[PDB]
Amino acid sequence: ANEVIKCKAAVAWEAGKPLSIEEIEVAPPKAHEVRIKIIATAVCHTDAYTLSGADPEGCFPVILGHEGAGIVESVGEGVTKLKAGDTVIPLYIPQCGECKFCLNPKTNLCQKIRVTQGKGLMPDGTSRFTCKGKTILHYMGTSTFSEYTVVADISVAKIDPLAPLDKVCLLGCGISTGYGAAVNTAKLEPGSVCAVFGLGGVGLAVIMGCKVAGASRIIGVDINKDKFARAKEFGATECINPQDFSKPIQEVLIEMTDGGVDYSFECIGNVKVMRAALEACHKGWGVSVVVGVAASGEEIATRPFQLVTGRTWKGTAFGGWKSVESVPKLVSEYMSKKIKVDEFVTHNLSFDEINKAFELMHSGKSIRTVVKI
């Protein structure tokens, strides 16, 4: 492309300050990039973190957002997999397909863009987001909170065009992560007992995952009781509340399964609940997965005896999926009714009232606020 699209966007000028809708100048695709016309974007706890200012590495001003879905407005020099009009989903973990991590089947962490993406710039150390002369930094390689964005050649996952754009976008984060957390990482086995700590979005995708995997007793765990209904609806055979007892939560779970759960996923991001989750697993074979990100400096811990008695401690990023190859498939899984997606959108908003989304989040009302652009 050549022309400079001027459009609407939700810039975040200074941390701690509400996203100000703004007009911006989205430059045209440089070699191996694609400009995407957003059609829907949701809000995640992740976006909240950066805006919160607590993100130690959160440069501003930045056009946040990563759960998006849209049409390709145009491609840059040297691109071939995409074309103007293709229905896509940007991704925050690329799949260059030729790096040390992309060539290995044990991980999905493509490093080819790690450092440039980190500095809120494109693969050439520059941004495409101009505004009133000032330079706005891209965010997580996606920058969905914009009518038009510019992502690198390798961050796009082309998808089914008849895919409800205002829904499939939840596959660029929460859903996938939790689905893979049960399907990829843990590689859960039919008939196994499980326990899910944290019944928000990510947690729900895990309960879903355990089900399609064919579990036999998924146990949801959350402090806020309101989360219980959808949990049980999604597959959870039971739901308990830590606050409801005097014994430590691990001691409760154990008694309930005479030994411990076979698998256990921590989807909150609370170190104290992380070691709690691990210690609730069964002796000799219990496995624990960390799906929730944590605060800088917070560190997990436990007595090594746990691991010596036979307990594996694992973690996961984007549920394991090699982005570009997987996302497209997940959409099929959706269309063919194998997995749920709409069930996650608890609220719809209009672009103008973007800030409202960050508002319902702070109240434990939402599972995923979807915003029409």
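Start at 1 and count along the sequence shown; that's the residue number.
A summary of the deposited B-factors shows that, of 200 to 208 and 127 to 135, the stretch with the larger mean C-alpha value is 127 to 135. Mean CA temperature factor is higher for 140 to 148 when stretches 262 to 270 and 140 to 148 are set side by side in the entry. Listed residues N184, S192, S296, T237 were ranked by CA B-factor as deposited; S296 comes out on top.
Across the residues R303, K167, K247, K81, the deposited record lists the maximum Cα B factor for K81. When the modelled residues of the chain are ordered by C-alpha B-factor, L51 sits in the highest third. Ranked within its chain, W313 lands in the lowest third, by CA B factor from the PDB record.
For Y334, the recorded CA temperature factor ranks within the middle third of the chain's modelled residues. The PDB entry assigns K106 a C-alpha temperature factor belonging to the middle third of its chain's modelled residues. When the modelled residues of the chain are ordered by C-alpha B-factor, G319 sits in the lowest third.
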